[PDB]
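Working notes for the structure below.
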Amino acid sequence: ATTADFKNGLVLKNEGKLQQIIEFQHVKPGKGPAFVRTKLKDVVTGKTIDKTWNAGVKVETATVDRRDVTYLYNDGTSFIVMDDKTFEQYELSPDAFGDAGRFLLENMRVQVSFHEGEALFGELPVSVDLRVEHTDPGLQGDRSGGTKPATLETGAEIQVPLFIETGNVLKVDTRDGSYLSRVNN
Ligand code: NA
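Residues 2 to 145, 147 to 187 (the entry's author numbering) are what the sequence shown spells out, left to right.
Here you go:
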């Protein structure tokens with residue numbers, strides 16, 4: 002409706018794009034009119050910009066419908082994906098999950114967001130369990147502290163503590179590709 006309606010995660014229809022408010026601030030400069038600064042992220046492209054607004058100016062929002070979805074596979078071109086409730090099978094851009102698509106497994110439960118029935122983007126869980134394809138031998142005398151590169155079953159690489167071995171199943175933070183913990187048998 003207006004700038005007063007601004008909060009983080011709110012998505013605007015603006016100059017032909019759909020842009021999420023990542024950060025906003027109402028500003029009273031103490032000389033002249035108030036205005037708003039918004040850090041905006043194109044939800045599709047991921048490109049972020051800084052924009053300013055005349056305080057109280059009309060804005061137009063998009064309702065984003067979030068659907069619980071299962072990732073099936075990569076057909077060489079698209080991510081193939083099934084809507085959990087409807088069981089409908091459709092294509093997503095390989096980019097639709099950002100850098101975190103790095104960590105998609107077959108049959109991973111994900112969320113996809115829509116405006117007027119068109120997929121905008123997908124999200125993995127914050128934590129996912131991925132197996133180690135390869136890392137250097139485990140060192141239990143912590144003897145090499148620090149971390150070593152590990153290659154996950156997806157081909158994604160992360161830093162892991164020295165005690166990790168090939169075949170270990172790790173918990174991984176998808177927000178920044180960081181080691182969380184080792185899953186036990
Ligand atoms: Na992939």
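Even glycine gets a Cβ: it sits at the ideal position worked out from N, Cα and C.
Query: Report yes if the C-beta of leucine 105 is less than 7 Å from at least one heavy atom of ligand 1; otherwise report no.; Result: yes
Query: Within a Cβ cutoff of 6 Å, which residues of the same chain sit near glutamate 124, ignoring the five residues on either side of it in sequence?; Result: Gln112
Query: Quick one: Cα of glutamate 61 to Cα of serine 180, how far?; Result: 37 Å
Query: Leaving aside the five residues before and after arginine 38 along the sequence, list all residues of the same chain whose C-beta is less than 6 Å from its C-beta, in chain order.; Result: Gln26, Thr53
Query: How is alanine 120 classed by DSSP in three states: helix, strand or coil?; Result: strand
Query: Hey, would you say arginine 68 sits closer than 8 Å to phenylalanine 122, going by beta carbons?; Result: no
Query: Roughly how many angstroms lie between the CA atoms of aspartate 178 and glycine 99, to the nearest whole one?; Result: 11 Å
Query: What three-state label does DSSP hand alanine 101 in the structure shown?; Result: helix
Query: Here's the rule: buried if 16 or more other CB atoms are within 10 angstroms of the residue's CB, otherwise exposed. What is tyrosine 72?; Result: buried
Query: Can you check the stretch 24-51 for any beta strand (DSSP E) of at least 3 residues that lies completely inside it and give the ranges in chain order?; Result: 36-43
Query: So is the beta-carbon of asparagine 108 under 7 Å away from any non-hydrogen atom of ligand 1?; Result: no
Query: Between the Cα of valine 45 and the Cα atoms of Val65, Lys29, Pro34, which residue gives the shortest distance?; Result: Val65
Query: Can you tell me whether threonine 176 is helix, strand or coil according to DSSP?; Result: coil
Query: Tell me the rounded alpha-carbon separation between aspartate 96 and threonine 78.; Result: 11 Å
Query: In its own chain, which residues sit with a C-beta less than 7 Å from the C-beta of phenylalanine 7, not counting the 5 before and 5 after it?; Result: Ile22, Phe25, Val37, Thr39
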